[PDB]
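> Sequence first, structure after; it's an experimental one.
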Amino acid sequence: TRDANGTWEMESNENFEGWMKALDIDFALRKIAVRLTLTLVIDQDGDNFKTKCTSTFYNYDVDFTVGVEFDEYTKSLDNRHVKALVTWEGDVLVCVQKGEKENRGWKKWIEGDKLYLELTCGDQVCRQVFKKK
Ligand SMILES: *C/C=C/c1ccc2c(c1)C(C)(C)c1cc(N(CC)CC)ccc1-2
């Protein structure tokens, strides 16, 4: 479905460390991020999205409109300027982040009460699965 609204609880998270390493996240902070529980909250109304990723020590919040390029500064992650764009490819929500890193972005598949997320940077892919709370 194209409806990603909800509070999403993590079920699985594969190659999180390799993806963070591809983004040049500090080794020390990688070890903490691997242990912290992540909650993904999405509010979606038509084209307008508000995404909030929350843990004990780190938060990542982004708002965007589908189809409208936006300047992004990943201040709480790798601290880079990218040109971001989120679009629908069938029922897949696709985000491309143009900048220094190649193949940078994510894709989201909503299958019922499950959300599959693949985050990419360089030759690394992190695969996450969430269940709607
Ligand atoms: C559709 C999902 C997009 C998206 C963008 C940014 C982040 C995420 C998802 C998370 C939840 C995977 C995430 C986690 C983190 N930290 C760990 C590296 C913890 C907050 C940062 C950014 C994003």
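Cool, the structure landed. Numbering: from 1, shown residues only.
> which outside residues touch stretch 6-21?
Taking contacts as C-beta atoms under 8 Å, 6 or more residues apart in numbering, the residues outside stretch 6-21 that touch it are 30, 33-34, 37-42, 114-115, 119-121, 124-133. In short, each C-beta sits where N, CA and C put it, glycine included.
> do that again at 7 Å, thanks
If you take C-beta atoms under 7 Å, 6 or more residues apart in numbering as the criterion, stretch 6-21 is touched by 30, 33-34, 38-42, 115, 119, 121, 124-133.
> and the chain, which residues reach the ligand?
Counting by C-beta under 6 Å from any ligand atom, the residues of the chain lying close to the ligand are 20, 33, 38, 40, 51, 53, 55, 58-60, 77, 106, 108, 117, 119.
> Now do the buried residues in the lengthiest helix in the chain.
The longest helix of the chain (DSSP state H) is helix 27-35. For helix 27-35, the neighbour count (16 or more other C-beta atoms under 10 Å) marks 30, 33 as buried.
> Just the buried residues of the residues of the chain next to the ligand.
Buried subset of these (neighbour count, 16+ other C-beta under 10 Å): 20, 33, 38, 40, 51, 53, 106, 108, 117, 119.
> now the residue of the chain most remote from its centre: how far from the ligand?
In the chain, the residue that sits farthest from the middle, by C-alpha atoms, centre = their mean, is residue 28; the gap is 21.0 Å. Distance of residue 28 to the ligand, computed by C-beta to the nearest ligand atom, to the nearest Å: 13 Å.
> Sketch out the strands for this protein, chain order is fine.
If DSSP state E is used as the criterion, the strands of the chain fall at 6-14, 39-45, 48-54, 59-65, 70-73, 81-89, 92-98, 105-111, 114-121, 124-132.
> Put the alpha carbons of the last one into CSV.
Backbone C-alpha positions of strand 124-132 (Å, rounded to 0.1, in the frame of the first residue of the first chain) are rendered in CSV as follows:
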residue,chain,number,x,y,z
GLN,A,124,26.3,-1.1,1.2
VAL,A,125,22.7,-1.9,1.8
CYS,A,126,21.1,-2.0,5.2
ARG,A,127,17.8,-4.0,5.4
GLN,A,128,15.3,-3.2,8.1
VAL,A,129,11.8,-4.7,8.9
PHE,A,130,9.3,-3.0,11.1
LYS,A,131,5.9,-4.0,12.4
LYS,A,132,3.1,-1.4,13.0
